[PDB]
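Input: a single structure, listed below in structure tokens.
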Amino acid sequence: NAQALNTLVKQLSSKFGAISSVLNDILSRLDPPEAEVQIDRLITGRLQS
Amino acid sequence: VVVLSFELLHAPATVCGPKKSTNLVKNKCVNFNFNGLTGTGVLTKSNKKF
Amino acid sequence: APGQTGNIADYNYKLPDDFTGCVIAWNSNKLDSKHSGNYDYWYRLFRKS
Amino acid sequence: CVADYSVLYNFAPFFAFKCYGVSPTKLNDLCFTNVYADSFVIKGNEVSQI
Amino acid sequence: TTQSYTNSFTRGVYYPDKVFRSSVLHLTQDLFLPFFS
Ligand SMILES: *[C@@H]1O[C@H](CO)[C@@H](O)[C@H](O)[C@H]1NC(C)=O
């Protein structure tokens, strides 16, 4: 059980082919018409985990 | 064609931009903008020997 | 355009990013342009907002 | 040096202004580690594929 | 002038980054001096 939860929380540092692994940096740097593409990559990657 | 190449997410520099500054608040749930770092939390002094 | 804004766009007319439609245009060197000079029309640049 | 990216529409920032990995509106509140600028000259034609 | 070869032991390691870390085992991928050279 410890291994499963340890690996789940370490998946948040991956990028899944995006600009950065933090939502705030993406939102504060890119415009909404374009930043929605970058966020879509994190959502699909984190939903799989 | 002037190219204004730059990097990000490194040691902070003087070149930031035209924004103001405020005082400090502690032990309160407050958003922070410590030179790009955006988020919320509670700020407390400790003994982390940097 | 739905994306990007220009000097006239951000100060006179901004197009929404979620825009569904067509834009049609053509030269008006004789329709809206006077052969002796066109100055009746005006454009705004000092909205400050 | 504290910069000011409000130099838009002063002499001639027209024709091409597209950015990469950043939006033009968000320059005013982004602090950079370094700023790198070059001002080479080209033939001003189809060779603009840089 | 006069040359020789000797073992480098386990020297040639530094602090790759200025990010503070405590009680962790980080795995870096930087340029180093290979051990026992
Ligand atoms: C280093 O170089 C010397 C001479 O080239 C050689 O004798 C030696 O085996 C090499 N390796 C070590 C670990 O000394």
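Naming works like this for the structure tokens: A, B, ... for the chains as they're shown, residue 1 at the start of each chain, ligands 1 onward in shown order.
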Residues of chain A at most 9 Å from chain B: nearest atom pair and distance in Å, only C-alpha atoms, as CSV:
```
residue,atom,partner,partner_atom,distance
A:24,CA,B:38,CA,6.6
A:25,CA,B:38,CA,7.8
A:28,CA,B:38,CA,8.7
```
**Request:** Could you report the residues within 6 Å of ligand 1, using only C-alpha atoms and all ligand atoms, as a ChimeraX atom specification?
**Result:** /E:5-7,37
Selection to disk with N, CA, C and O atoms, as a compact mmCIF listing (two decimals), in the first residue's frame:
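Output contents, as saved in selection_38.txt:
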```txt
# COMPACT_ATOMS: atom_id res chain seq x y z
N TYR E 5 50.60 8.61 -13.44
CA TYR E 5 49.18 8.31 -13.36
C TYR E 5 48.87 7.70 -12.01
O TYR E 5 49.63 6.87 -11.50
N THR E 6 47.74 8.10 -11.42
CA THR E 6 47.35 7.59 -10.12
C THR E 6 45.83 7.60 -10.01
O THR E 6 45.13 8.29 -10.76
N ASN E 7 45.32 6.81 -9.06
CA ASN E 7 43.89 6.68 -8.86
C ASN E 7 43.28 7.98 -8.35
O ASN E 7 43.86 8.66 -7.50
N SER E 37 39.24 6.80 -11.42
CA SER E 37 39.85 7.12 -12.69
C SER E 37 41.34 7.40 -12.49
O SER E 37 41.88 7.26 -11.39
```
**Request:** Considering only C-alpha atoms, extract the chain C residues located within 10 Å of chain A and return them as a PyMOL selection string.
**Result:** chain C and resi 2-4+16-18
Just the selected residues (N, CA and C atoms), exported as a PDB file, in the first residue's frame, please.
```pdb
ATOM      1  N   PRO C   2     -10.142  35.996 -34.345  1.00  0.00           N
ATOM      2  CA  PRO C   2     -10.411  35.410 -33.022  1.00  0.00           C
ATOM      3  C   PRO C   2      -9.180  35.349 -32.139  1.00  0.00           C
ATOM      4  N   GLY C   3      -8.007  35.123 -32.721  1.00  0.00           N
ATOM      5  CA  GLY C   3      -6.755  35.134 -31.989  1.00  0.00           C
ATOM      6  C   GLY C   3      -5.959  36.381 -32.320  1.00  0.00           C
ATOM      7  N   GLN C   4      -5.116  36.799 -31.370  1.00  0.00           N
ATOM      8  CA  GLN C   4      -4.227  37.949 -31.512  1.00  0.00           C
ATOM      9  C   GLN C   4      -5.000  39.263 -31.575  1.00  0.00           C
ATOM     10  N   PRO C  16     -13.908  38.124 -30.206  1.00  0.00           N
ATOM     11  CA  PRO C  16     -13.836  37.075 -29.183  1.00  0.00           C
ATOM     12  C   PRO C  16     -13.030  35.877 -29.661  1.00  0.00           C
ATOM     13  N   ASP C  17     -12.367  35.217 -28.709  1.00  0.00           N
ATOM     14  CA  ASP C  17     -11.568  34.042 -29.042  1.00  0.00           C
ATOM     15  C   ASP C  17     -12.449  32.876 -29.478  1.00  0.00           C
ATOM     16  N   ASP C  18     -13.592  32.690 -28.819  1.00  0.00           N
ATOM     17  CA  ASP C  18     -14.554  31.658 -29.212  1.00  0.00           C
ATOM     18  C   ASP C  18     -15.548  32.253 -30.211  1.00  0.00           C
TER      19      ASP C  18
END
```
**Message:** Can you pull out the residues contacting region 21-35 of chain E? Cut-off 12 Å, using only C-alpha atoms, and skip same-chain residues under 3 positions away; I want them as a ChimeraX atom specification.
**Reply:** /B:48-50 /E:7-18
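Backbone DSSP over chain B yields strand (DSSP E or B) at residues 3, 4, 5, 6, 30, 31, 32, 33, 34, 37, 38, 39, 40 and 41 of chain B.
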Output file for the residues above (N, CA, C and O atoms, as a tab-separated table (two decimals), in the first residue's frame):
```tsv
chain	number	residue	atom	x	y	z
B	3	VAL	N	15.59	39.63	-31.84
B	3	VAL	CA	15.18	38.42	-31.14
B	3	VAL	C	15.47	38.63	-29.66
B	3	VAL	O	16.64	38.74	-29.26
B	4	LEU	N	14.42	38.68	-28.85
B	4	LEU	CA	14.56	38.88	-27.41
B	4	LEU	C	14.53	37.53	-26.70
B	4	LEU	O	13.60	37.19	-25.96
B	5	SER	N	15.58	36.75	-26.95
B	5	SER	CA	15.68	35.43	-26.34
B	5	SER	C	15.89	35.54	-24.84
B	5	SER	O	16.59	36.43	-24.36
B	6	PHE	N	15.26	34.63	-24.10
B	6	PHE	CA	15.39	34.61	-22.65
B	6	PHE	C	15.06	33.22	-22.13
B	6	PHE	O	14.45	32.40	-22.82
B	30	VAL	N	-2.83	33.49	3.07
B	30	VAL	CA	-2.71	34.59	2.13
B	30	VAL	C	-1.98	34.11	0.88
B	30	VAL	O	-1.03	33.32	0.97
B	31	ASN	N	-2.44	34.56	-0.28
B	31	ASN	CA	-1.72	34.30	-1.52
B	31	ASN	C	-0.38	35.02	-1.53
B	31	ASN	O	-0.22	36.08	-0.91
B	32	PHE	N	0.59	34.45	-2.23
B	32	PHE	CA	1.91	35.05	-2.34
B	32	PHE	C	2.35	35.08	-3.80
B	32	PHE	O	1.95	34.24	-4.61
B	33	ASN	N	3.18	36.07	-4.12
B	33	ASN	CA	3.69	36.28	-5.47
B	33	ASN	C	5.19	36.54	-5.42
B	33	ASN	O	5.71	37.47	-6.03
B	34	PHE	N	5.91	35.70	-4.67
B	34	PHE	CA	7.33	35.90	-4.40
B	34	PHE	C	8.13	35.73	-5.69
B	34	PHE	O	8.74	34.70	-5.95
B	37	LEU	N	6.61	33.08	-8.13
B	37	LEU	CA	6.01	31.98	-7.38
B	37	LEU	C	4.61	32.37	-6.94
B	37	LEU	O	4.43	33.19	-6.04
B	38	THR	N	3.60	31.77	-7.58
B	38	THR	CA	2.20	32.08	-7.31
B	38	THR	C	1.56	30.91	-6.58
B	38	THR	O	1.72	29.75	-6.99
B	39	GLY	N	0.85	31.21	-5.50
B	39	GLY	CA	0.21	30.17	-4.71
B	39	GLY	C	-0.35	30.76	-3.43
B	39	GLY	O	-0.40	31.98	-3.25
B	40	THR	N	-0.78	29.86	-2.55
B	40	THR	CA	-1.34	30.26	-1.26
B	40	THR	C	-0.81	29.34	-0.17
B	40	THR	O	-0.42	28.20	-0.43
B	41	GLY	N	-0.80	29.86	1.05
B	41	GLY	CA	-0.32	29.08	2.18
B	41	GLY	C	-0.14	29.96	3.40
B	41	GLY	O	-0.54	31.12	3.42
```
**Contact set, chain C to chain D: 10 Å, only C-alpha atoms, as number ranges by chain** = C: 4-7
**Request:** List every residue of chain D that DSSP, applied to the backbone, labels as helix (DSSP H, G or I), and write the result as a VMD selection string.
**Result:** chain D and resid 24 to 29
Write to file, as a PDB file, in the first residue's frame, the residues of the selection just made, with C-alpha atoms.
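The resulting file, part_25.pdb, is shown below:
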```
ATOM      1  CA  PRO D  24       2.800  39.097 -25.704  1.00  0.00           C
ATOM      2  CA  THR D  25       0.317  40.421 -23.133  1.00  0.00           C
ATOM      3  CA  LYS D  26       2.030  38.599 -20.242  1.00  0.00           C
ATOM      4  CA  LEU D  27       5.468  40.215 -20.619  1.00  0.00           C
ATOM      5  CA  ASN D  28       4.569  43.019 -18.195  1.00  0.00           C
ATOM      6  CA  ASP D  29       4.469  40.718 -15.137  1.00  0.00           C
TER       7      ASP D  29
END
```
**Item:** Distance criterion (only C-alpha atoms): nearest to residue 15 (chain A) out of A:29, A:3, A:38, A:49
**Value:**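 The shortest atom-to-atom distance to residue 15 (chain A) comes from A:38.
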Which residues of chain D come within 7 Å of chain B, and what is each one's closest atom pair and distance in Å (one decimal), counting only C-alpha atoms, sorted by chain and residue number, as a tab-separated table?
```
residue	atom	partner	partner_atom	distance
D:1	CA	B:15	CA	5.2
D:2	CA	B:15	CA	4.5
D:3	CA	B:17	CA	5.2
D:4	CA	B:17	CA	5.5
D:28	CA	B:17	CA	5.6
D:29	CA	B:17	CA	5.8
D:30	CA	B:16	CA	6.0
D:31	CA	B:16	CA	3.6
D:32	CA	B:8	CA	5.8
D:33	CA	B:13	CA	5.0
D:34	CA	B:6	CA	5.9
D:35	CA	B:6	CA	5.1
D:36	CA	B:5	CA	5.0
D:37	CA	B:4	CA	4.8
D:38	CA	B:2	CA	5.5
D:39	CA	B:2	CA	4.6
D:40	CA	B:1	CA	6.4
D:41	CA	B:1	CA	6.7
```
**Message:** Residues within 10 Å of residue 44 (chain B), please, as a list in words. Count only C-alpha atoms; anything in the same chain fewer than 4 positions from it doesn't count.
**Reply:**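 The filter keeps residues 25, 26, 27 and 28 of chain B.
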Now that the selection is made, can you save its residues with N, CA and C atoms as an mmCIF file, in the first residue's frame?
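Contents of result_10.cif, as written:
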```
data_model
loop_
_atom_site.group_PDB
_atom_site.id
_atom_site.type_symbol
_atom_site.label_atom_id
_atom_site.label_comp_id
_atom_site.auth_asym_id
_atom_site.auth_seq_id
_atom_site.Cartn_x
_atom_site.Cartn_y
_atom_site.Cartn_z
ATOM 1 N N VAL B 25 2.937 39.781 5.633
ATOM 2 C CA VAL B 25 1.990 39.256 6.606
ATOM 3 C C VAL B 25 2.344 37.800 6.871
ATOM 4 N N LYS B 26 2.198 37.376 8.122
ATOM 5 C CA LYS B 26 2.596 36.040 8.535
ATOM 6 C C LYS B 26 1.484 35.392 9.345
ATOM 7 N N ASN B 27 1.513 34.058 9.378
ATOM 8 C CA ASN B 27 0.563 33.250 10.142
ATOM 9 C C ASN B 27 -0.877 33.468 9.686
ATOM 10 N N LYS B 28 -1.064 33.811 8.413
ATOM 11 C CA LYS B 28 -2.390 34.010 7.849
ATOM 12 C C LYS B 28 -2.461 33.349 6.481
#
```
**Prompt:** For the atom pair CA of residue 21 (chain D) and CA of residue 44 (chain A), what is the interatomic distance in Å to one decimal place?
**Reply:** 20.9 Å
**Surrounding residues of residue 11 (chain A) excluding itself and chain neighbours under 5 positions, 10 Å, only C-alpha atoms, as a PyMOL selection string** = chain A and resi 6+16+45-46+49
Write the residues of the preceding selection, restricted to C-alpha atoms, as a short mmCIF file (atom, residue, chain, number, x, y, z; two decimals), in the first residue's frame.
```cif
data_model
loop_
_atom_site.label_atom_id
_atom_site.label_comp_id
_atom_site.auth_asym_id
_atom_site.auth_seq_id
_atom_site.Cartn_x
_atom_site.Cartn_y
_atom_site.Cartn_z
CA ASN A 6 4.17 6.87 -2.96
CA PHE A 16 3.45 14.55 -20.31
CA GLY A 45 -1.89 12.21 -18.16
CA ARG A 46 -3.11 12.59 -14.59
CA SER A 49 -2.58 7.58 -13.28
#
```
